[PDB]
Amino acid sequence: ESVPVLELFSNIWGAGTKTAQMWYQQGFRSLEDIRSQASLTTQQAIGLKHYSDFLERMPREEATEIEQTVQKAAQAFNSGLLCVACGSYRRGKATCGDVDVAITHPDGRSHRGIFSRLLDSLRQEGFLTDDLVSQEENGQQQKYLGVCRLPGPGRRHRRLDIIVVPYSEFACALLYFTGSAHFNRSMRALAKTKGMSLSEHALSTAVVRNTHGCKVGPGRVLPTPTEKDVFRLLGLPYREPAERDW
């Protein structure tokens, strides 16, 4: 029963096979064992108390409600703010393991200062229940990983990610968050072949690489207003989100 036990532990958020193997050696076999005796990060502690809820997929309708709960609270600061859900949701899946929401503003300035106030707003509402990786202040983008829950009876806690980008990077951001994961690797593995690089920030050309293929030059950023431009500059037929489910 070792293999089932490792799986049991691995389904905790913030716990992988290394920690599960450690917990197993300590003699833990149940979630209760982990809760009473094991040393936990705040993350792992949160994932342990939402273990059941976090295992469930959600109907995309509930995902929609979550996107609007974020969009409303966002536009309460600036009406011109854009909020797009880019998970399994954008790819059209009937179910979502989590909700991923991208946020930007067309003017390219008003996105600033929103991140902290938006999270604060959601917390007051009682929408955001716990924070995991409460922070990322990467470049011009910001990322939040957290736990939300819709108001009402019989509601499960859901995993919620929020990212905020400048409009100039909105295309590469949507691409990255929309996925899929295997699609992103494929696309970026390919750009690498063409002497280019792809990230959530920008598509770049003239990326220097050495004989080993290691990147030693960052190259230069190509302006990509929309997703379709990124596909074009990479010599690829544009794929709709539903065609990116690899």
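Numbers for residues come from their place in the sequence shown, where the first is 1.
- The PDB entry reports B-factors from which the mean C-alpha value can be compared for 54 to 62 and 211 to 219; the larger average falls on 211 to 219.
- Averaged over their C-alpha atoms, the temperature factors of 160 to 168 and 133 to 141 are higher for 133 to 141.
- Listed residues 11, 25, 226, 19 were ranked by CA B-factor as deposited; 226 comes out on top.
- If you compare the C-alpha temperature factors of 34, 191, 181, 46 in the entry, 191 comes out highest.
- Per-chain ranking of the deposited C-alpha B factor places residue 92 in the middle third.
- Residue 154 sits in the highest third of its chain by CA B factor, as recorded in the PDB entry.
- In the PDB entry, residue 101 places in the lowest third of its chain by CA B-factor.
- Compared with the other modelled residues of the chain, the Cα B-factor recorded for residue 41 ranks in the lowest third.
- Per-chain ranking of the deposited C-alpha B factor places residue 69 in the middle third.
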